[PDB]
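# Structural features, examined
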Amino acid sequence: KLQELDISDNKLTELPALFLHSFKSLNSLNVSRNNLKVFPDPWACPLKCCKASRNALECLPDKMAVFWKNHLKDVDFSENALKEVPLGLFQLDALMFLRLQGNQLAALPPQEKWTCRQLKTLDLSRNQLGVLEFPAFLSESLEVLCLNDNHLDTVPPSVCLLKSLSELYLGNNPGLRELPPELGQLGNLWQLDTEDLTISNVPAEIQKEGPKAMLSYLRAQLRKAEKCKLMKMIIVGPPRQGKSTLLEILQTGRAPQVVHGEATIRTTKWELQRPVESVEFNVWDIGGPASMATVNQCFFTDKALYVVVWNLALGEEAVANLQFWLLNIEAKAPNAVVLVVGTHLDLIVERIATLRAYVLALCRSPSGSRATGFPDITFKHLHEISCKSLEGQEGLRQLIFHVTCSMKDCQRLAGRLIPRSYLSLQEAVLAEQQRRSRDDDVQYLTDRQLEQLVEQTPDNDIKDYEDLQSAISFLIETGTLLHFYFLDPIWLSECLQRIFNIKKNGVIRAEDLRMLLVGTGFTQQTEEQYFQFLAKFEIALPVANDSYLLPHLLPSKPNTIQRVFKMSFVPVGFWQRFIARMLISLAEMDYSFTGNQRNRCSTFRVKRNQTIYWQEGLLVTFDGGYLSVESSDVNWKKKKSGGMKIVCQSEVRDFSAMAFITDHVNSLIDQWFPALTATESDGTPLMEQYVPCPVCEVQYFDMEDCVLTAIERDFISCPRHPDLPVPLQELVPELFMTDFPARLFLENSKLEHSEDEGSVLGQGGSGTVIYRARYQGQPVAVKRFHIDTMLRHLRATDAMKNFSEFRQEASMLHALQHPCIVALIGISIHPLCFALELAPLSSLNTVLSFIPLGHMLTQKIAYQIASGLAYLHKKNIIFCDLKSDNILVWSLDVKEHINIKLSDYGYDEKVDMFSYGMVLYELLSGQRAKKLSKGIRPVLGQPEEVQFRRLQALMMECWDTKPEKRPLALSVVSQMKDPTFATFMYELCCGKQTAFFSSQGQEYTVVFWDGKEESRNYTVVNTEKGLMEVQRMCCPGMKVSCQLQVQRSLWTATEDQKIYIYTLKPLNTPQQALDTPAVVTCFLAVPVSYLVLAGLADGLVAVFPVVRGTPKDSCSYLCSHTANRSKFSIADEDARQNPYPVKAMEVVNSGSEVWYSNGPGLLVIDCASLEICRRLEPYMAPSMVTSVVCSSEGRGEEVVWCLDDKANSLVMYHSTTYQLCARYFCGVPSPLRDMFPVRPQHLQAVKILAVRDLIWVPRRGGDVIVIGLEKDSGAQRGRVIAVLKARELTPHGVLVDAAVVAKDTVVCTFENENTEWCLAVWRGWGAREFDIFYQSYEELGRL
Ligand SMILES: Nc1nc2c(ncn2[C@@H]2O[C@H](COP(=O)(O)OP(=O)(O)O)[C@@H](O)[C@H]2O)c(=O)[nH]1
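Its PDB header attributes the entry to cryo-EM and lists the resolution as 3.8 Å.

### Quick word on the overall build of the chain
From N to C terminus, the chain includes 27 helices and 67 strands. Relative to its length of 1343 residues, the chain is extended, with a C-alpha radius of gyration of 43 Å against a globular reference of 34 Å. In terms of principal-axis extent, the alpha carbons of the chain reach across some 140 × 85 × 65 Å. Burial status across the chain gives 53% buried among its 1343 residues. Between the averaged position of the 138 positive side-chain charges in the chain and that of its 155 negative side-chain charges there is a distance of 1 Å.

### Brief notes about the environment of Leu1243
Mapped onto the fold, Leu1243 is located in the loop between β60 (1235-1237) and β61 (1249-1251). Leave out the neighbours within four places in its chain, and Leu1243 touches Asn1208, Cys1226, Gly1227, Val1228, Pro1229 and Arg1259.

### Focus: helix α6 (residues 316-332)
Given a rise of 1.5 Å per residue, 17 residues ought to cover 24 Å, and the 25 Å separating the end C-alpha atoms of α6 matches this to within 8%. Taken as a whole, α6 has its buried residues at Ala318, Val319, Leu322, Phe324, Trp325, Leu326, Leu327, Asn328, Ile329 and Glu330. Where the residues of α6 are buried, they touch β11 (230-236), β14 (305-311), β15 (337-343) and α7 (350-363).

### Focus on the nonpolar core
Grouped together as the largest cluster of nonpolar side chains are 115 residues, with contacts concentrated most on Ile865, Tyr916, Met976 and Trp1256. The dominant element in this core, judged by the number of residues it contributes, is helix α20 (residues 855-874), at 11 residues.

### What about the environment of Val647?
Relative to the assigned elements, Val647 resides in strand β25 (residues 639-650). The spacing of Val647 and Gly683 is 36 residues in sequence and 29 Å in space, taken between C-alpha atoms. The residues contacting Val647, other than those within four sequence positions of it, are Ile561, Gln562, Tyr626, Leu627, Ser628 and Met658.

### Comments concerning the domain arrangement of the chain
With domains assigned, the chain is organised as domain 1 (226-418), domain 2 (420-548), domain 3 (554-683), domain 4 (743-837) and domain 5 (844-977). A C-alpha centroid distance of 57 Å is found between domain 1 and domain 5.

### A look at the pattern of salt bridges
All chains considered together, the criterion is met by 46 salt bridges. The shortest N-O distance in the salt bridge between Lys303 and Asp409 comes to 2.8 Å. Here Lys783 makes a salt bridge to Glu809, at a shortest N to O gap of 3.5 Å. Note on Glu809: relative accessible area 9%, which makes it buried. Residues participating in the shared-partner salt-bridge network are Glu432, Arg435, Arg436, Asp439 and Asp441.

### Considering the sheet that holds strand β20 (residues 547-549)
Ordered by their spatial adjacency, 3 strands build an open sheet running β18-β20-β19, and the pairing between neighbours is antiparallel. Because the sheet does not close on itself, it has two edges, and the strands there are β18 (507-509) and β19 (541-543). With strand direction ignored, the average angle separating the axes of adjacent strands in the sheet is 40°. Direction of pairing for β18 relative to β20: antiparallel, over a ladder of 3 bridges. Bridged to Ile508 within β20 is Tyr548.

### Description of the packing of aromatic side chains
With the rule as written, the count across this model stands at 55 aromatic pairs. Taking NZ or CZ as reference, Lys901 lies 4.1 Å from the ring centre of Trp890, over its face.

### What about the UniProt feature "active site" in the chain?
Residues given the UniProt feature "active site" here are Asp881. Looking at the element boundaries, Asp881 is found in the loop between α20 and β36 (887-889). For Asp881, a relative accessible area of 26% puts it in the partly exposed group. Apart from the residues lying within four places of it in its own chain, the contact partners of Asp881 are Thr594 and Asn886.

### Some thoughts on helix α5 (residues 243-252)
When you tally the buried positions in α5, you get 7 out of 10 residues, the bulk of the element. If you check which residues of α5 are buried, you get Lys243, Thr245, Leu246, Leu247, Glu248, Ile249 and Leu250. Here the buried face of α5 lies against β11, β12 (265-273), β13 (278-286), β14, β15 and α8 (393-406). Downstream of α5 by one or two residues, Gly253 has phi in the positive range, about 75°.

### Digging into the sheet that holds strand β66 (residues 1305-1311)
One open sheet holds the 4 strands; their spatial order is β38-β67-β66-β65, and the pairing between them is antiparallel. On the outer flanks of this sheet lie β38 (984-992) and β65 (1294-1302), each paired with one strand and no other. Going from strand to strand, the sheet's axes swing by 20° on average, the running direction of each strand aside. Looking at chain direction, β38 and strand β67 (residues 1316-1323) are connected through 7 bridges and run antiparallel. For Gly991, the partnering residue across the bridge sits in β67 and is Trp1317.

### Remarks on the site of the ligand
Not every one of the 13 residues close to the ligand is listed here, only the nearest: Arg240, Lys243, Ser244, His344 and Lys388. Here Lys388 contributes a side-chain N or O atom positioned 3.0 Å from a nitrogen atom of the ligand. Expressed as a share of its isolated accessible area of 590 Å², the protein-covered part of the ligand is 73%. Here the element with the most residues in the shell around the ligand is α5; it accounts for 3 residues.

### A word on the pairing of strand β22 (residues 608-614)
Along any regular strand, the residues point their side chains to alternate faces of the sheet. Taken together, the 6 bridges between β22 and strand β23 (residues 617-622) define a ladder with antiparallel strand orientation. Paired with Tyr613 across the two strands is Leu618, which belongs to β23. The turn joining β22 and β23, which pair antiparallel and follow one another in sequence, is formed by 2 residues.

### Remarks on the packing of helix α9 (residues 420-439) against helix α10 (residues 447-456)
Relative to each other, α9 and α10 sit at 125°, their axes nearing to 9 Å. Relative to α10, the element α9 lies oblique. In this structure, α9 meets α10 at a crossing whose hand is right-handed. Of the residues in α10, those in contact with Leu425, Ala428, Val429, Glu432 and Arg436 of α9 are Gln449, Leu450, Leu453 and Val454. Split into classes, the residues belonging to the contact of α9 with α10 amount to 6 nonpolar, 1 polar and 2 charged.

### Section: a positive patch on the surface
The grouping of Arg928, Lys930, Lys931 and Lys934 at the surface amounts to a positive patch. Considering the arrangement of structural elements, one finds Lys934 in the loop between α21 (908-925) and α22 (943-946). What makes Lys934 exposed here is its relative accessible area of 52%.

### Thoughts on the side chain of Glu477
Mapped onto the elements, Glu477 comes out in helix α11 (residues 465-477). For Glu477, the residues in contact, after removing those within four places along its chain, are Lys232, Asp302, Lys303 and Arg416.

### Digging into the environment of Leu676
Examined against the element boundaries, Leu676 turns out to sit in the loop between α16 (657-671) and β26 (687-692). Under the relative-accessibility criterion, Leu676 is labelled buried at 4%. Along the chain, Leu676 and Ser632 lie 44 residues apart, while their C-alpha atoms are 17 Å from each other. Apart from the residues lying within four places of it in its own chain, the contact partners of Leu676 are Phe569, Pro571, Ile669, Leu686 and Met687.

### Notes on the pairing of β26
By the criterion of burial, β26 is predominantly enclosed, with 6 of the 6 residues buried. Burial along β26 is two-sided: the face carrying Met687, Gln689 and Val691 and the face carrying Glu688, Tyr690 and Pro692 are both buried. In this structure, β26 lies alongside strand β27 (residues 700-702), joined through 3 bridges in antiparallel fashion. Bridge pairing links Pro692 to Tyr700 in β27.

Thresholds applied
- Residues numbered from 1 in each chain as written, not as in the entry; some residues may be left out.
- Heavy atoms only, no water.
- Helix = DSSP H or I, 4+ residues; strand = E, 2+ residues; numbered from the N terminus.
- Rg over C-alpha atoms; globule rule 2.2 N^0.38 Å.
- Buried < 20%, exposed > 50% of the residue type's maximum accessible area, 1.4 Å probe, protein only.
- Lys, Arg positive; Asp, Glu negative; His and termini not counted.
- Charge placed at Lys NZ, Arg CZ, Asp CG, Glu CD.
- Contact = heavy atoms within 4.5 Å.
- Expected span 1.5 Å × (residues − 1).
- Core = buried A, V, L, I, M, F, W, Y, C linked by side-chain atoms within 4.5 Å.
- Domains from an automatic or database assignment.
- Salt bridge = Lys/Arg side-chain N within 4 Å of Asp/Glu carboxyl O.
- Pairing = 2+ DSSP bridges.
- Axes fitted to C-alpha atoms, helices over the stretch in contact; angles between N-to-C directions.
- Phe/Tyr/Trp six-rings, centres within 6.5 Å; stacked < 30°, edge-to-face > 60°.
- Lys NZ or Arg CZ within 6 Å of the ring centre and 35° of its normal.
- UniProt positions renumbered as here; feature names shortened; annotations may be inferred.
- Near = heavy atom within 4 Å.
- Polar contact = N/O pair within 3.5 Å; in protein donor to acceptor, adjacent residues only side chain to side chain.
- Areas by Shrake-Rupley, 256 points an atom, 1.4 Å probe, with all protein chains shown as cover.
- Parallel < 35°, antiparallel > 145°, perpendicular 65-115°, else oblique.
- Left-handed = near helix turned anticlockwise from the far one by under 90°.
- Nonpolar A, V, L, I, M, F, W, Y, C, P; charged D, E, K, R; others polar.
- Patch = residues over 30% accessible without salt bridge, like charges linked within 9 Å, V, L, I, M, F, W, Y side chains within 5 Å.

Given below as C-alpha cells:
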C-alpha cells in the first residue's frame, strides 16, 4: 500500500523483500546509502525510479523487465559491488536513465535482445566493461554516453552510429589509439572527454584546438577532402590606370598587343606555377565608367587578393585617390590582402621611393602602426611595373604567388582541405552557369534551384542546412557563387548598366519600366525575382501608385535649427541614394521590442504637405514646419570641401525632423559608403559634423563637443565670446528632447536614483541597465543608458548612438497605453534614462503537480498575455523575446483586474505566437532547445492529468511547426472570451457499459455497471485523477437499477426487487439482502444514524432506518395513493392517481422534509411522523416531475427547483411556503442571457444540478444552462449567467445523465447508440467564479 519507500542511512544488509512485495502501490523505491547485499526480488508496483546506489549489491535478478518494464525510468545502481549485469535490466521499455558506474562489470549482454528503446542516458564509466558492442537503436534515443575508465582498446564501432549524442566521454582508456572518422558525423555532440587517449589519426594541432576541431577534422576526412588551390583575385583602381593592361601582362608575359575594349567587368581563369606548387585565380577585372564607382563595391568579397592599380607618373593626386579604394576594400573585405601595384613605370628612381613613402603614409598612422579602417599595406605589398619593357613583371608574378600562399584562414588558402562534396557542388554550379549562358537564360539562381543542384549532384554528401551554407561560403570565396544567389557577375553588371542607360521626374510607371527592361530578356515569370534585386541595389525602388523611382533620373535644381556636414569627398551617386531613401521613407510616413537592432523611423510622424526632391536636395513643407537639405560648399579652418546644409523650422519647437535626416545619413553612410565612416591616417574624420553658432550671428561648433557636453551639462560658451554662453537646446535640440509633451519629463529633484548593483533589476536588449529607484516616493524601474582626439571621437560617436536609441525607445514606449503593457512614467536627459512602472512581484519565470498557480489565475494570466500580444500586433510591433523572464507578475490575487504586464526587460507574428505557446507550456507545467527547430516539442501530460483540455489544445497549436497553422493573438483573445474555454476540464472514454451511477463520496465517485448474470461487472472512474481504479471487475448477480452510498456501505437495488448491501474495505460479497414489494426506481438518504428512503416503481415509498450504514431488514411503507384519497380528496378516476413511479426525491428544510415526485404532482414527507402532509401541483397530467433539488446556498431563502418531462419546464417553489414563485421554459433555442421573474429533442432538459449558488440544467443537446438569481429594484429575478457547450463531445452521442461528483466538479455522462459511454468533466463554478471570469474581460475592455 506504501507509495514511497525511503530506507537509507540505516542497518540494511538483508531486506524483508517478502514484506516489500505487498507494496504494490510503490512509485519510488529508494534503498540507497546502505550495505544492501540482496536487492528485493522485483514485484508488481509502478515504480517511476529505482535508487539502489551506494550499497554492497553484487548482482541483480533477471526480473526488472518482468514487472517494471512499463513503469521504471530512472535507475541508478552506481557505486556498488556489482559484478554482472542482468539482460532484463536492458529489457525495460520505460527505462530512460541508467547508471551502472563504479563497479566490476566486465561485459554487457547481447545487443539484439535489448528493449529499452527510450534509453537517453547511459553511464558505464569506472568499470571493467569491454571492446563493447552497443545496440544500433540507441542512436535514436541516447543523448549522454560515458565510458570513462572502461576495458576498451578502441572506440566502440557503434559509437559512430549514435547520431543523437550531446556528450561522449571515453577518457582514461589508454588502449584506445584511434578516433574513427565516422565520429565526425556526430553533429549534435559538443561535450567530449578524450583525455588520456592516443589519437594517431588526428594532428596534434587539431587536438590542441579542441574536440570540436577534432570532429570537424574527422568530418573533413570522411568527405574525402582535397587540397584546393583556387582563390579569388580582383583588379580595382581609378579608371584608365592600366588594369586590363596589367592583367594582360600578368597572364601573357609579353608586351600587350590586344587590350580589352570598354567593359564593366571581365572574368578569366589565370594559372601560375611556383617561381601545392601552383595556384589558380578566378580573376575579376573590375572597371567600367565613373558611374559604376559605388556600384562595383558590391562585388568585393572577403579572403580574396585585391590589386589596386595605380598610375605612378600621374602624381600625388593618384596616391590621394587610392585612399577611396583602400577604404572600400577594407570596409567590404576585412580579412583580404591588398597589394598596390604601380603602372607607367616607363614614365619615371628616387621618385619611386617618394611615392612609396606617400602610400605608406596613407596606410599607417603617424605612430607607424596600421591605421584604423585601412588595409595592411607594407613594403612587401608594394610593386611597380611598366607596360612595354615589362620591368618587374617576373617580380610582380613572384609577389602574387608569394602573397597567395601566405594568406590563411586554418592553414594557407592555397592548398586548404575542402570537402569533396563542396568541389562537386562547385562543378555543378559552374555547369549550371555555363548551360544558362548557352541558353541565354537568367543567370540569377534561386535558393530552391541551388538545393536541387546540390541534391541532384551524384554522391554529394551535403544533406543539411549547415553543410550547404558552408559550401555556399566556399563558393563565394572562389568567385563561383554570388550573394547580396547569382552565378554571373558580368550578367548582373550588364543588367544594372542597361538600367543606368535609361533616359517623368525620376518616377516611371511599372508597366513602362517593364517594357523598358526587355533588353536583358526580363522574363515576366521571373519579374518578382528581377525587381527584387533592383530594390537591393536601390536602382529602381517601388513607390506610390505602383510606380518605380529611378534615382539616376532625379530632376535638377528647380524658430529654426541648422546643421552642416563637411565631406572631404562626395561618393558618386551619394545624393541620388540619399534623396531616394529619404523620399521613400517620407512617402511611407505620409518595429521591435525588448531591444534589438531592428527598428523603423518611428521618430518622425507629421503630415507631408509639399515635397520638392531634386538631384542634390530635398525640401519638405509639413504642417507647422519645414525640413530642407541641400548641397553646398563648406569652408572650415581654411579647408574647402563639399557639404550638406540641413535646416529645420518648427513652430512648436518640435525638431524631431532633424533626427529623420541625421539617422538616415548615418544609415546610408553605414550601408553604401563605408568610406565616410573612417578617419584619415592622422585621425582627421572624412565626414565631420558642425552646428552654426546662433549667438555668434561663420562660427561652427564641432558636433562632437556639443554631444559630449550634452551628457552632463546644458551650456557651451563659444570661443569668440566665452562670457555669453549658449544652451545646447539651441544647438542640438534633437538630443535634448523637445517634441515630447512637457508632462513626460521627470524631475531630477523628485527622483531618488542611484546606479547601485543591489538595485539592479536587469538589463535590456539595447545595452541599458534597469535599476530599482523611487519617483515621488513610489517605487519605479529606472532604465539607465551608459556611454586624445581618438578617444573623444569614439565617445562622441557612442553618445550620439545612445541619444538616437533613447529617442527611438521613447517614441515606441510613448505609443503603448494598453493595460497589460508596462507603461512609461517619464524621461530625463541628465542622466539619460527612462522611468517605468515597477512590478510588486518578480517575473513569471520566478513565481512559477499541474497548473501550479491554480486554474482561475492561470486562465487570467493567459488571457492577459494574449490581449497584450494582440495590442502589440495591432501596433505593428513584434515582441521578439516573449519569454516568461520578460512577463512581470503584478499580483497573484484572482480578484484584481490586472495580474501581469508585458515588459521589455527581465520574425513576424508567428514567432511571437510560438513563444507564447512555450509560455503556455510553462504555465501548465511549471518548468521550461535547439531540438525545437527539428520538430521536437516539450512533453506535457495527457488531458486526463492536466485537466484543462482547451488551453492545452491551444498550447499545442501555438507550438505547431508550420507557422501557417498557428493562431493569431486576436483569435486567441476572442476564443478565450467564452466560459466554455475556462470551465471544461477534459473528457474520459469509459467505453461499452450499461448503466451509470454516482454517490456523494469519493470511494465510489462514478460507477458504471455492465454485463448480465454471471458476467455482471462494474467500472470505477476517479474523476479527480482522470484514472479508472477498477475496470470491469466482475461481480455476478442481477443487474442494478439504483445505487446509493450511506456511511461506508453501498446499497444497490436490482431488478428482482432486492436491495443488496456491500460494505467497502471490491463489491464481491454482499452482507445484507432486503426484500421489497416493487422495483426500486430511486434512492435518497435523509441525515437523521440515517433514514434511507427508496422510491419504488408503484409510487410507494419504503423507509429504512440505518444504524452506521447497516439497516433493519424491516421497513415502513408510505403509500402515495392513500394520501391522495384520504388527505387531499383526490378521486380514483383522477389522472393524479395513475400508477406513476417515484422518479426523484430530495431533502428540504434541513432534513425535516423530503419532497418526492408523483406524476405531475409533488408530495412532501414530513420526517417527524413519516406521513404525506403536503401536495403541490407544479404541472398538469400527463406530465411528470423528473428531478428535484434543494438550492440551499447563499444568504437567502431556501428554494426547491423542479424540471419536467413533457412541457420541458422548470419551476421553483419556496421550501417554507409551498408557493409556486417562479416558472421558466428551458427549451429555448438561444437561451443565453434570458430572464424570468420571481414573485415572493436536443432542447429537452435532462436533470437539474445544484452547483454551489447556481442551477445547471444540462440538455440532451450537450450544452448546459447555468441559471442564477439576482435582485432588481427589490424584485428577485433569474437569469441565464452562461451557456456551456464543449464541442469536443459532439461526436460522442447524446447526453444521458449528469451529476455533481465533488465540490468543484460536474460530470455530464454521454451515451452513443453503440452503447459506449463518455464522461465530460466541467469545473463547478458558482456565482462568484462566473462573475470574476466575466469581469476579467469586461474591466480590461473598460480599461
Ligand atoms: N605609358 C603607359 N601607358 C599605359 C600603361 N598602362 C596603361 N597604359 C595606357 O592605358 C590604355 C589602356 O588602359 P586600360 O587598361 O583599359 O585602363 P582600364 O580601363 O582602367 O582597365 C592603353 O592605351 C595604354 O596606352 C603604362 O604602364 N604606361
